Amino acid sequence: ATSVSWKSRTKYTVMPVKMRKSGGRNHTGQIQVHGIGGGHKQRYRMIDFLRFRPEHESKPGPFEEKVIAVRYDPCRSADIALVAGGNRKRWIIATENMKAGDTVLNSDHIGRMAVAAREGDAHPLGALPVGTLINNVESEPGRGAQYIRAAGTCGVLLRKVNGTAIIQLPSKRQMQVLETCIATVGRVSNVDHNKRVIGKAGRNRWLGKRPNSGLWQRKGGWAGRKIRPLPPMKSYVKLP
Amino acid sequence: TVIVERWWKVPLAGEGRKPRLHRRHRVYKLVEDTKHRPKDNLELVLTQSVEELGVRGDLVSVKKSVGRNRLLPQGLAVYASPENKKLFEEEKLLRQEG
Amino acid sequence: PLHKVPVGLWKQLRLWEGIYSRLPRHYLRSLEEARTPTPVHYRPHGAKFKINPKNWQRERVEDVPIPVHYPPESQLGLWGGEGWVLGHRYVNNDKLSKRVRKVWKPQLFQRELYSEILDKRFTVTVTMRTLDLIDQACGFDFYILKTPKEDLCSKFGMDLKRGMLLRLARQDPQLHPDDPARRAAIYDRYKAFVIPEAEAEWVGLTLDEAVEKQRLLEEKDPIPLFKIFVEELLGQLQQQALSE
Amino acid sequence: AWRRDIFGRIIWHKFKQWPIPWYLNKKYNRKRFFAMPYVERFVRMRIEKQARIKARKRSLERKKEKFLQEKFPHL
Amino acid sequence: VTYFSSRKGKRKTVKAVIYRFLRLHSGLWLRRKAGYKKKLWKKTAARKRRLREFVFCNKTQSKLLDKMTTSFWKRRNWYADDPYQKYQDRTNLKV
Amino acid sequence: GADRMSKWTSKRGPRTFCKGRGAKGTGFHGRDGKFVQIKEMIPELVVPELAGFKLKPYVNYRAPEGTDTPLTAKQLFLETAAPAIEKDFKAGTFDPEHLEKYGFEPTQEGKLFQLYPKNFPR
RNA sequence: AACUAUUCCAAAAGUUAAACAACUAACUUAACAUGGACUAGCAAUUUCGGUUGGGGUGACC
RNA sequence: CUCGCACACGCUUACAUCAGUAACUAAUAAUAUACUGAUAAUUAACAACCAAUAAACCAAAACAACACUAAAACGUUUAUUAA
RNA sequence: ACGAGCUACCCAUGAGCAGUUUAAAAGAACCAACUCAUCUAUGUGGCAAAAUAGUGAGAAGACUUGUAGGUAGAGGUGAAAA
RNA sequence: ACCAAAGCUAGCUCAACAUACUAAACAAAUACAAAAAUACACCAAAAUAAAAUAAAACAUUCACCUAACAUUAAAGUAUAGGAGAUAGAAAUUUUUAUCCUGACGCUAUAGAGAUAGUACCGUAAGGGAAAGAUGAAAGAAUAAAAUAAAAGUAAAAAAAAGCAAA
Ligand SMILES: [Mg+2]
Ligand SMILES: [Mg+2]
Ligand SMILES: [Mg+2]
Ligand SMILES: [Mg+2]
Ligand SMILES: [Mg+2]
Ligand SMILES: [Mg+2]
Ligand SMILES: [Mg+2]
Ligand SMILES: [Mg+2]
Ligand SMILES: [Mg+2]
Ligand SMILES: [Mg+2]
Ligand SMILES: [Mg+2]
Ligand SMILES: [Mg+2]
Ligand SMILES: [Mg+2]
Ligand SMILES: [Mg+2]
Ligand SMILES: [Mg+2]
Ligand SMILES: [Mg+2]
Ligand SMILES: [Mg+2]
Ligand SMILES: [Mg+2]
Ligand SMILES: [Mg+2]
Ligand SMILES: [Mg+2]
Ligand SMILES: [Mg+2]
Ligand SMILES: [Mg+2]
Ligand SMILES: [Mg+2]
Ligand SMILES: [Mg+2]
Ligand SMILES: [Mg+2]
Ligand SMILES: [Mg+2]
Ligand SMILES: [Mg+2]
Ligand SMILES: [Mg+2]
Ligand SMILES: [Mg+2]
Ligand SMILES: [Mg+2]
Ligand SMILES: [Mg+2]
Ligand SMILES: [Mg+2]
Ligand SMILES: [Mg+2]
Ligand SMILES: [Mg+2]
Ligand SMILES: [Mg+2]
Ligand SMILES: [Mg+2]
Ligand SMILES: [Mg+2]
Ligand SMILES: [Mg+2]
Ligand SMILES: [Mg+2]
Ligand SMILES: [Mg+2]
Ligand SMILES: [Mg+2]
């Protein structure tokens with residue numbers, strides 16, 4: 001039949017909101033993605049992925065926020081931090097050493113002198129040093145962060161040419177962006193998430209992961225070790 | 001526009017009776033695609049002076065892209081029609097005068 | 001047992017009874033006659049008689065239209081009397097190959113067209129054939145007045161036509177409010193198509209819309225019996241007054 | 001009003017009193033007074049069925065008359 | 001063979017007969033020899049002649065062909081210039 | 001295999017199924033969840049004083065029936081509006097515009113009990 | 001075949017020079033999207049000749 | 001000798017009283033919760049039915065002191081109108 | 001066309017898990033309810049179109065279970081037994 | 001002597017005609033979980049029929065096959081077809097009113113499934129029964145009247161030896 005998506009809530013809240021998992025089924029009810037279902041019950045914390053977000057449109061200037069607490073999240077691999085300034089709170093993705101009772105700057109301002117980079121700092125790409133480590137990377141300015149959000153991942157700013165930044169994604173592919181785009185400076189939280197050991201099949205089931213099929217498929221030509229020259233560089237810069 | 005033709009001959013009904021169709025009369029062979037023809041030209045009469053093409057009160061032949069999407073919307077030309085033609089006959093007679 | 005009248009005629013004799021009887025005659029006569037639509041997809045041979053190539057004999061020859069499907073979204077635009085061809089095909093065109101279902105779809109374009117009499121730009125899906133027919137009939141409004149119902153095939157074309165036909169029979173001043181010059185100028189070239197008013201509002205109508213319209217012109221709250229009885233009484237009383 | 005329902009029957013639909021006008025009414029809006037095209041077939045069947053019944057009622061009555069006429073030939 | 005057609009309810013003819021045979025009016029059928037256009041270089045002139053003949057079919061074949069063929073084909077034909085009009089009656093047959 | 005034929009009733013379903021037997025609703029649900037009765041929706045019986053009057057549930061047998069004439073809109077027009085209309089046309093005071101003096105009502109929406117949309121039960 | 005992706009020609013929207021030498025072409029392509037091809041995926045339809053000291057193997061026709 | 005009393009779901013009068021049972025139901029009888037007839041009957045406090053729109057709230061349930069990891073069901077108050 | 005009130009897997013929403021042993025609610029241990037169905041004997045038109053008696057395995061978990069919803073046959077679903 | 005047996009009705013079948021073609025019945029309730037008077041919406045939609053089968057297989061093909069144009073001929077002709085199976089026209093021709101409607105149709109295993117789309121069976125779409133016989137009167141049941149003829153039994157078990165008879 002037809003199911004409605006749980007993903008409707010209009011107003012932003014720091015309060016955890018209730019959500020409905022659907023194991024792999026599309027809105028028609030058929031299975032689209034195999035091997036998903038029945039984890040622990042989860043609430044969802046809304047994350048603001050636009051790091052530069054002036055509270056009121058009245059005062060545009062670069063603003064500063066306090067880090068209140070850093071909490072576990074069920075929904076993503078990184079650990080997240082509750083961040084308050086002015087009258088407003090939001091959840092942002094926490095950088096590696098970010099701790100409670102902290103100060104974090106959010107700025108859109110570039111300058112000729114660059115900046116000494118702290119961790120929680122969000123700056124436009126053009127404003128950073130050329131060797132910096134960045135996460136939560138916008139593609140088009142004003143879009144909001146997409147790239148490099150996973151736990152303990154970091155990209156690196158490679159160079160700056162022609163009022164444009166070229167950065168290196170965690171997959172070691174290069175990405176060309178305007179230098180007007182915001183990024184957070186550092187490695188994302190929870191670096192040991194890699195080395196976690198799931199002890200028992202039950203533990204996997206707790207993560208909402210149903211077992212693989214039992215069917216035996218012979219390996220095809222797709223299988224083997226393919227060594228491909230690294231792909232060409234993605235450019236989100238729109239030429240006139 | 002695809003132009004299509006029947007593989008199987010249809011029998012006759014001559015009195016004005018409608019032809020009696022079988023399923024095998026639904027099998028078509030494709031004789032032409034009109035879109036693949038070498039395309040014709042459009043004949044127009046300019047009501048102003050276009051840069052390259054010509055003067056006000058002139059009879060010009062262009063490709064239908066330029067005529068449909070530039071000239072005719074902007075009132076820079078009108079169609080070659082007889083009733084629109086005699087207007088510029090008169091205009092040509094009263095121009096060369098003074 | 002048997003139906004007394006053939007079922008093929010049940011549609012027709014449906015129209016001879018009930019409200020359909022009270023419809024304007026010119027409208028019913030526009031629905032009655034189905035004129036053969038202009039050949040679009042199949043290409044007609046001109047001659048009635050054709051000499052059989054194998055036989056060397058004079059043969060009678062007829063033209064049989066190829067069934068074309070019109071998706072309902074074709075009724076929102078103007079496709080130039082064309083549509084989907086639903087059919088079959090041999091692969092390689094060898095009669096001995098597989099026989100395969102095949103459907104040929106018209107190439108559609110988003111184009112905005114200017115109507116003079118209606119003074120408006122419509123954003124319409126049209127075919128290249130429509131544009132060629134507009135080109136050939138020398139104007140948009142021309143193409144819409146100058147073409148029969150069967151050849152446009154669109155309910156939208158018919159509504160456009162109903163509209164500018166009304167605007168011509170009315171000589172509607174609201175066309176160009178400020179300039180009677182432009183107005184007489186435009187109403188001039190189209191003077192060939194001008195039709196009376198009673199005809200002009202019934203042109204593009206579906207049988208449904210027509211029946212509705214006629215039901216609304218016929219709408220009356222039944223007259224109180226007090227009125228009718230009062231008039232019978234006045235008749236009798238005036239005939240009692242005039243006899244003495 | 002005289003209406004035609006889903007099943008294609010021609011029904012007399014009594015009206016009902018509502019605080020809100022008809023186009024603002026959810027529940028009433030989800031009734032359908034009109035038939036779809038397939039229904040047309042069933043309609044025909046109805047007629048034919050009806051016709052049959054009448055047809056062989058008639059024939060019965062006719063028959064009953066003949067029988068009596070040879071039982072009581074007082075004519 | 002179709003003994004009762006669908007539209008007309010009559011009996012159809014098998015056209016595959018009408019292309020290779022010829023019915024005289026006497027009831028004799030006439031046919032070409034088989035393989036007479038095939039591989040001529042490889043054959044004797046005598047054999048070639050035996051092949052170029054028009055020959056008559058035995059009774060069984062004849063009855064079979066008659067069944068496979070409607071009434072129209074058994075009618076008496078007068079053609080102008082016809083080669084075979086000479087042969088359609090039978091003569092001096094004592095049986 | 002359940003029961004198809006037997007009619008659907010509140011006695012049949014789960015707890016959640018409550019379907020009245022067809023009495024009419026006397027009110028609405030209020031704030032506290034408690035139910036509120038509207039004095040206007042509860043039918044008020046209009047009962048005359050029977051005591052001082054003489055008529056009985058049955059009639060004497062030798063009492064006659066009568067020729068049966070169903071009342072028609074016409075007879076009712078003749079017993080009421082016809083004397084007054086003839087009286088005021090004979091006097092020349094008849095006014096085809098306003099018939100309201102004879103008891104004709106142009107529209108029903110003013111008065112308490114309307115005849116056509118039928119405002120009253122009984 | 002359809003369908004799902006690929007690649008291409010055409011269709012459709014455009015854009016440039018007034019092109020070059022001496023005494024018309026070329027290129028462009030956002031999402032849809034048509035006609036005709038290409039390469040795969042996913043598939044559709046159909047079939048397992050006979051003889052045989054049972055069948056099969058071998059042999060044969 | 002020990003699957004008892006209630007509720008939900010589901011069944012629908014198979015329940016009650018009086019009478020009858022030659023035969024019909026009980027896999028036999030005796031007689032009767034089950035066959036027959038007539039006559040009655042379950043009474044709301046329990047249960048169903050039983051408001052929307054803004055706004056502050058990051059802080060598990062586990063005797064909850066405080067924590068663990070898989071990060072967790074369950075509402076207050078303030079305002080605006082609520083026959 | 002009709003079927004997911006059985007069953008497969010999901011989604012919501014509820015409900016159960018006593019005693020003993022352990023620093024421990026550790027897909028630990030003993031053992032009920034509960035869930036399964038090892039081995040044997042009965043039974044084989046049977047009490048039963050898969051049961052009975054014994055005996056067994058798990059028993060805070062990838063656990064059992066109620067209610068309401070979903071996926072449909074060229075399909076679905078599948079810790080693959082077609 | 002039991003079990004039984006016999007009725008001739010209920011209605012049906014096929015055509016004719018015919019007006020014209022969704023019967024009857026609607027007080028309330030009926031598209032909430034149909035039959036539940038009463039609250040701010042949504043509403044709606046289309047895509048070629050396929051295959052079994054014939055071709056002694058099967059691959060192009062395979063009449064009829066839920067689209068009004070009948071009738072007499074042209075004609076199973078012209079044509080179309082793995083030119084096989086089969087399929088198959090037309091030009092051109094012909095057609096005189098209305099009444100005389102009924103039956104070399106059935107009679108309860110028949111004729112409709114029909115006493116009824118009911119019982120019952122299916123979760124559902126769906127499937128789908130069987131059954132009648134007194135007489136002018138039973139407001140003539142110490143009741144009166146004409147078959148007592150199927151198998152099955154009883155009246156009446158059996159007595160060496162055998163396809164049971166000749
Ligand atoms: Mg997750
Ligand atoms: Mg995490
Ligand atoms: Mg794996
Ligand atoms: Mg495996
Ligand atoms: Mg049932
Ligand atoms: Mg209930
Ligand atoms: Mg209950
Ligand atoms: Mg109360
Ligand atoms: Mg296969
Ligand atoms: Mg096939
Ligand atoms: Mg073999
Ligand atoms: Mg063999
Ligand atoms: Mg052998
Ligand atoms: Mg042997
Ligand atoms: Mg071999
Ligand atoms: Mg029961
Ligand atoms: Mg009782
Ligand atoms: Mg008993
Ligand atoms: Mg279920
Ligand atoms: Mg325990
Ligand atoms: Mg354990
Ligand atoms: Mg056991
Ligand atoms: Mg033992
Ligand atoms: Mg046990
Ligand atoms: Mg154990
Ligand atoms: Mg163990
Ligand atoms: Mg369900
Ligand atoms: Mg298959
Ligand atoms: Mg499958
Ligand atoms: Mg296996
Ligand atoms: Mg075959
Ligand atoms: Mg056979
Ligand atoms: Mg076969
Ligand atoms: Mg077929
Ligand atoms: Mg050929
Ligand atoms: Mg063959
Ligand atoms: Mg003819
Ligand atoms: Mg019967
Ligand atoms: Mg029967
Ligand atoms: Mg006997
Ligand atoms: Mg003997």
# chains A, B, ... in the order shown; residues from 1 in each chain; ligands from 1

call {"tool": "interface_residues", "arguments": {"of": "chain D", "to": "chain J", "cutoff": "7 Å", "atoms": "only C-alpha atoms (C1' of nucleotides)", "output": "ChimeraX atom specification"}}
result
/D:9,18-20,23-26,31,43,46-47,50

call {"tool": "write_last_selection", "arguments": {"atoms": "N, CA, C and O atoms", "output": "short mmCIF file (atom, residue, chain, number, x, y, z; two decimals), in the first residue's frame"}}
result
data_model
loop_
_atom_site.label_atom_id
_atom_site.label_comp_id
_atom_site.auth_asym_id
_atom_site.auth_seq_id
_atom_site.Cartn_x
_atom_site.Cartn_y
_atom_site.Cartn_z
N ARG D 9 -26.61 1.84 -11.25
CA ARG D 9 -28.04 1.93 -11.02
C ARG D 9 -28.45 3.38 -11.00
O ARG D 9 -27.67 4.23 -10.60
N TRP D 18 -26.06 19.16 6.67
CA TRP D 18 -24.71 19.33 7.18
C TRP D 18 -24.47 20.79 7.51
O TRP D 18 -25.06 21.68 6.90
N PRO D 19 -23.62 21.04 8.52
CA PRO D 19 -23.24 22.39 8.95
C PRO D 19 -22.30 23.08 7.97
O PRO D 19 -22.15 24.29 8.02
N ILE D 20 -21.66 22.30 7.10
CA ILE D 20 -20.73 22.86 6.14
C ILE D 20 -21.14 22.53 4.71
O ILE D 20 -21.73 21.48 4.46
N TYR D 23 -18.59 21.09 -0.76
CA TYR D 23 -17.24 20.94 -1.30
C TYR D 23 -16.20 20.91 -0.18
O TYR D 23 -15.05 20.54 -0.41
N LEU D 24 -16.62 21.29 1.02
CA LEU D 24 -15.72 21.30 2.16
C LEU D 24 -15.85 20.03 2.99
O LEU D 24 -15.22 19.91 4.04
N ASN D 25 -16.65 19.10 2.51
CA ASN D 25 -16.96 17.89 3.25
C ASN D 25 -16.18 16.66 2.78
O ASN D 25 -16.45 16.13 1.71
N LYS D 26 -15.24 16.22 3.60
CA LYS D 26 -14.40 15.05 3.34
C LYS D 26 -15.20 13.79 2.97
O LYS D 26 -15.11 13.25 1.84
N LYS D 31 -17.78 9.86 -1.70
CA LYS D 31 -18.75 9.08 -2.47
C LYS D 31 -18.57 9.37 -3.96
O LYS D 31 -18.17 10.48 -4.34
N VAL D 43 -24.49 -3.19 -16.74
CA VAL D 43 -25.77 -2.57 -17.00
C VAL D 43 -26.55 -3.36 -18.03
O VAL D 43 -27.69 -3.77 -17.79
N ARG D 46 -27.91 -6.57 -16.77
CA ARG D 46 -29.09 -6.32 -15.95
C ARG D 46 -30.31 -6.30 -16.83
O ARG D 46 -31.23 -7.12 -16.65
N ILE D 47 -30.29 -5.43 -17.84
CA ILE D 47 -31.41 -5.31 -18.76
C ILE D 47 -31.82 -6.67 -19.29
O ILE D 47 -32.97 -7.09 -19.13
N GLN D 50 -33.43 -8.91 -16.79
CA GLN D 50 -34.78 -8.42 -16.58
C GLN D 50 -35.67 -8.88 -17.73
O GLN D 50 -36.73 -9.49 -17.51
#

call {"tool": "residues_around", "arguments": {"residues": "stretch 25-38 of chain G", "least_positions_apart": "2", "cutoff": "8 Å", "atoms": "only C-alpha atoms (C1' of nucleotides)", "output": "list in words"}}
result
residues 2, 33, 35 and 36 of chain B; 105, 106, 107 and 108 of chain C; 7, 8, 9, 10, 11, 14, 15 and 19 of chain G

call {"tool": "interface_residues", "arguments": {"of": "chain D", "to": "chain C", "cutoff": "9 Å", "atoms": "only C-alpha atoms", "output": "ChimeraX atom specification"}}
result
/D:48,51-52,55

call {"tool": "residues_near_ligand", "arguments": {"ligand": "ligand 2", "cutoff": "9 Å", "atoms": "only C-alpha atoms (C1' of nucleotides) and all ligand atoms", "output": "PyMOL selection string"}}
result
chain A and resi 72-80+151+190+193

call {"tool": "residues_near_ligand", "arguments": {"ligand": "ligand 14", "cutoff": "12 Å", "atoms": "only C-alpha atoms (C1' of nucleotides) and all ligand atoms", "output": "PDB file with N, CA, C and O atoms (P, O5', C5', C4', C3', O3' and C1' of nucleotides), in the first residue's frame"}}
result
ATOM      1  P     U G  52      14.428 -51.426 -33.968  1.00  0.00           P
ATOM      2  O5'   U G  52      15.881 -52.027 -34.060  1.00  0.00           O
ATOM      3  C5'   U G  52      16.373 -52.793 -32.994  1.00  0.00           C
ATOM      4  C4'   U G  52      17.799 -52.466 -32.703  1.00  0.00           C
ATOM      5  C3'   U G  52      18.270 -53.083 -31.404  1.00  0.00           C
ATOM      6  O3'   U G  52      19.604 -53.527 -31.572  1.00  0.00           O
ATOM      7  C1'   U G  52      18.514 -50.738 -31.293  1.00  0.00           C
ATOM      8  P     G G  53      19.826 -55.003 -32.157  1.00  0.00           P
ATOM      9  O5'   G G  53      18.900 -55.896 -31.241  1.00  0.00           O
ATOM     10  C5'   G G  53      19.278 -56.133 -29.897  1.00  0.00           C
ATOM     11  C4'   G G  53      18.095 -56.544 -29.085  1.00  0.00           C
ATOM     12  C3'   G G  53      18.455 -57.135 -27.734  1.00  0.00           C
ATOM     13  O3'   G G  53      17.477 -56.770 -26.761  1.00  0.00           O
ATOM     14  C1'   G G  53      17.324 -58.753 -29.059  1.00  0.00           C
ATOM     15  P     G G  54      17.857 -55.733 -25.585  1.00  0.00           P
ATOM     16  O5'   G G  54      16.762 -54.589 -25.713  1.00  0.00           O
ATOM     17  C5'   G G  54      15.392 -54.868 -25.500  1.00  0.00           C
ATOM     18  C4'   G G  54      14.741 -53.758 -24.726  1.00  0.00           C
ATOM     19  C3'   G G  54      15.360 -52.392 -24.914  1.00  0.00           C
ATOM     20  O3'   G G  54      14.888 -51.788 -26.105  1.00  0.00           O
ATOM     21  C1'   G G  54      15.037 -52.798 -22.610  1.00  0.00           C
ATOM     22  P     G G  55      15.765 -50.696 -26.885  1.00  0.00           P
ATOM     23  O5'   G G  55      15.337 -49.338 -26.178  1.00  0.00           O
ATOM     24  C5'   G G  55      16.220 -48.240 -26.172  1.00  0.00           C
ATOM     25  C4'   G G  55      16.395 -47.639 -24.803  1.00  0.00           C
ATOM     26  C3'   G G  55      17.691 -46.887 -24.623  1.00  0.00           C
ATOM     27  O3'   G G  55      17.685 -45.627 -25.262  1.00  0.00           O
ATOM     28  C1'   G G  55      17.328 -48.239 -22.741  1.00  0.00           C
TER      29        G G  55
END

call {"tool": "residues_near_ligand", "arguments": {"ligand": "ligand 40", "cutoff": "9 Å", "atoms": "only C-alpha atoms (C1' of nucleotides) and all ligand atoms", "output": "count of residues only"}}
result
5

call {"tool": "closest_residue", "arguments": {"among": "F:8, F:94, F:17, F:89", "to": "chain H", "atoms": "only C-alpha atoms (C1' of nucleotides)"}}
result
F:17

call {"tool": "closest_atom_pairs", "arguments": {"of": "chain F", "to": "chain D", "cutoff": "12 Å", "atoms": "only C-alpha atoms", "output": "tab-separated table"}}
result
residue	atom	partner	partner_atom	distance
F:117	CA	D:17	CA	9.7
F:118	CA	D:17	CA	11.0
F:119	CA	D:17	CA	10.6

call {"tool": "residues_around", "arguments": {"residues": "residue G:5", "least_positions_apart": "6", "cutoff": "12 Å", "atoms": "only C-alpha atoms (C1' of nucleotides)", "output": "PDB file with N, CA, C and O atoms (P, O5', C5', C4', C3', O3' and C1' of nucleotides), in the first residue's frame"}}
result
ATOM      1  P     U G  39      26.609  -5.106 -31.267  1.00  0.00           P
ATOM      2  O5'   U G  39      27.154  -5.018 -29.773  1.00  0.00           O
ATOM      3  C5'   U G  39      28.515  -4.708 -29.521  1.00  0.00           C
ATOM      4  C4'   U G  39      28.748  -4.372 -28.070  1.00  0.00           C
ATOM      5  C3'   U G  39      28.215  -5.366 -27.054  1.00  0.00           C
ATOM      6  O3'   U G  39      29.052  -6.501 -26.910  1.00  0.00           O
ATOM      7  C1'   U G  39      27.710  -3.155 -26.358  1.00  0.00           C
ATOM      8  P     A G  40      28.422  -7.980 -26.850  1.00  0.00           P
ATOM      9  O5'   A G  40      28.398  -8.314 -25.296  1.00  0.00           O
ATOM     10  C5'   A G  40      27.206  -8.153 -24.549  1.00  0.00           C
ATOM     11  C4'   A G  40      27.460  -7.496 -23.217  1.00  0.00           C
ATOM     12  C3'   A G  40      26.569  -7.988 -22.086  1.00  0.00           C
ATOM     13  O3'   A G  40      27.065  -9.169 -21.475  1.00  0.00           O
ATOM     14  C1'   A G  40      26.460  -5.639 -22.176  1.00  0.00           C
ATOM     15  P     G G  41      26.087 -10.094 -20.599  1.00  0.00           P
ATOM     16  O5'   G G  41      26.061  -9.362 -19.186  1.00  0.00           O
ATOM     17  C5'   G G  41      25.252  -9.858 -18.138  1.00  0.00           C
ATOM     18  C4'   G G  41      24.514  -8.753 -17.427  1.00  0.00           C
ATOM     19  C3'   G G  41      23.100  -9.100 -16.999  1.00  0.00           C
ATOM     20  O3'   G G  41      23.067  -9.889 -15.823  1.00  0.00           O
ATOM     21  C1'   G G  41      23.099  -6.985 -18.036  1.00  0.00           C
ATOM     22  P     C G  42      22.576 -11.420 -15.897  1.00  0.00           P
ATOM     23  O5'   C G  42      21.025 -11.302 -15.563  1.00  0.00           O
ATOM     24  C5'   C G  42      20.577 -10.393 -14.568  1.00  0.00           C
ATOM     25  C4'   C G  42      19.244  -9.780 -14.920  1.00  0.00           C
ATOM     26  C3'   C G  42      18.181 -10.723 -15.451  1.00  0.00           C
ATOM     27  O3'   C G  42      17.604 -11.557 -14.464  1.00  0.00           O
ATOM     28  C1'   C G  42      18.201  -8.790 -16.774  1.00  0.00           C
TER      29        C G  42
END

call {"tool": "residues_around", "arguments": {"residues": "stretch 182-189 of chain C", "least_positions_apart": "4", "cutoff": "8 Å", "atoms": "only C-alpha atoms (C1' of nucleotides)", "output": "PyMOL selection string"}}
result
chain C and resi 116-117+168+171+173+175-176

call {"tool": "residues_around", "arguments": {"residues": "residue F:85", "least_positions_apart": "4", "cutoff": "12 Å", "atoms": "only C-alpha atoms (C1' of nucleotides)", "output": "MDAnalysis selection string"}}
result
(chainID C and resid 226 229:234 237) or (chainID F and resid 77:81 89:96 98:104)

call {"tool": "write_last_selection", "arguments": {"atoms": "N, CA and C atoms", "output": "short mmCIF file (atom, residue, chain, number, x, y, z; two decimals), in the first residue's frame"}}
result
data_model
loop_
_atom_site.label_atom_id
_atom_site.label_comp_id
_atom_site.auth_asym_id
_atom_site.auth_seq_id
_atom_site.Cartn_x
_atom_site.Cartn_y
_atom_site.Cartn_z
N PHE C 226 -50.17 28.21 -5.79
CA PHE C 226 -50.93 29.41 -5.48
C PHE C 226 -51.00 30.33 -6.70
N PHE C 229 -53.25 28.62 -9.50
CA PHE C 229 -54.65 28.70 -9.08
C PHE C 229 -55.20 30.13 -9.12
N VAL C 230 -54.36 31.10 -8.77
CA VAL C 230 -54.76 32.51 -8.85
C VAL C 230 -55.04 32.94 -10.30
N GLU C 231 -54.23 32.47 -11.25
CA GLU C 231 -54.47 32.80 -12.66
C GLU C 231 -55.71 32.11 -13.24
N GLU C 232 -55.94 30.84 -12.88
CA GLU C 232 -57.20 30.19 -13.27
C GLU C 232 -58.40 30.97 -12.73
N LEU C 233 -58.29 31.40 -11.47
CA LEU C 233 -59.36 32.16 -10.83
C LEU C 233 -59.60 33.53 -11.48
N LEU C 234 -58.54 34.23 -11.85
CA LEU C 234 -58.68 35.52 -12.53
C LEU C 234 -59.29 35.35 -13.93
N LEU C 237 -63.01 34.72 -13.32
CA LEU C 237 -63.67 35.93 -12.80
C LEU C 237 -63.82 37.03 -13.86
N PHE F 77 -57.29 25.44 -1.88
CA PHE F 77 -57.23 26.80 -2.41
C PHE F 77 -58.61 27.44 -2.42
N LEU F 78 -59.64 26.63 -2.65
CA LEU F 78 -61.00 27.14 -2.77
C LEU F 78 -61.65 27.45 -1.41
N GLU F 79 -61.26 26.72 -0.37
CA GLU F 79 -61.85 26.97 0.95
C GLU F 79 -61.23 28.18 1.66
N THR F 80 -60.05 28.60 1.21
CA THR F 80 -59.32 29.67 1.90
C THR F 80 -59.11 30.94 1.08
N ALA F 81 -58.34 30.82 0.00
CA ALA F 81 -57.94 31.99 -0.79
C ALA F 81 -59.02 32.46 -1.77
N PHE F 89 -61.32 41.17 -5.78
CA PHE F 89 -61.35 41.46 -7.22
C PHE F 89 -62.69 42.06 -7.63
N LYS F 90 -63.77 41.59 -7.01
CA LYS F 90 -65.09 42.17 -7.22
C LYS F 90 -65.10 43.63 -6.75
N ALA F 91 -64.26 43.95 -5.77
CA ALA F 91 -64.14 45.31 -5.25
C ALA F 91 -63.04 46.10 -5.95
N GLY F 92 -62.31 45.43 -6.85
CA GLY F 92 -61.26 46.07 -7.63
C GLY F 92 -59.99 46.39 -6.86
N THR F 93 -59.87 45.84 -5.64
CA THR F 93 -58.72 46.10 -4.78
C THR F 93 -57.64 45.02 -4.92
N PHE F 94 -57.85 44.08 -5.85
CA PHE F 94 -56.92 42.99 -6.10
C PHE F 94 -55.56 43.47 -6.62
N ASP F 95 -54.48 43.00 -5.98
CA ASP F 95 -53.11 43.41 -6.31
C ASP F 95 -52.23 42.21 -6.64
N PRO F 96 -52.08 41.88 -7.94
CA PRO F 96 -51.30 40.70 -8.37
C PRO F 96 -49.86 40.66 -7.82
N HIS F 98 -48.65 41.75 -4.50
CA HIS F 98 -48.61 41.21 -3.14
C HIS F 98 -49.83 40.36 -2.83
N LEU F 99 -49.64 39.04 -2.77
CA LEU F 99 -50.72 38.11 -2.46
C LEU F 99 -50.71 37.73 -0.98
N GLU F 100 -49.77 38.31 -0.23
CA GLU F 100 -49.50 37.91 1.15
C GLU F 100 -50.67 38.09 2.12
N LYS F 101 -51.64 38.91 1.74
CA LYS F 101 -52.81 39.12 2.58
C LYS F 101 -53.73 37.89 2.56
N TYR F 102 -53.62 37.10 1.49
CA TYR F 102 -54.46 35.91 1.33
C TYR F 102 -53.86 34.68 2.01
N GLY F 103 -52.62 34.81 2.47
CA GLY F 103 -51.92 33.71 3.11
C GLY F 103 -50.79 33.09 2.31
N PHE F 104 -50.52 33.62 1.12
CA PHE F 104 -49.38 33.16 0.33
C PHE F 104 -48.07 33.62 0.96
#
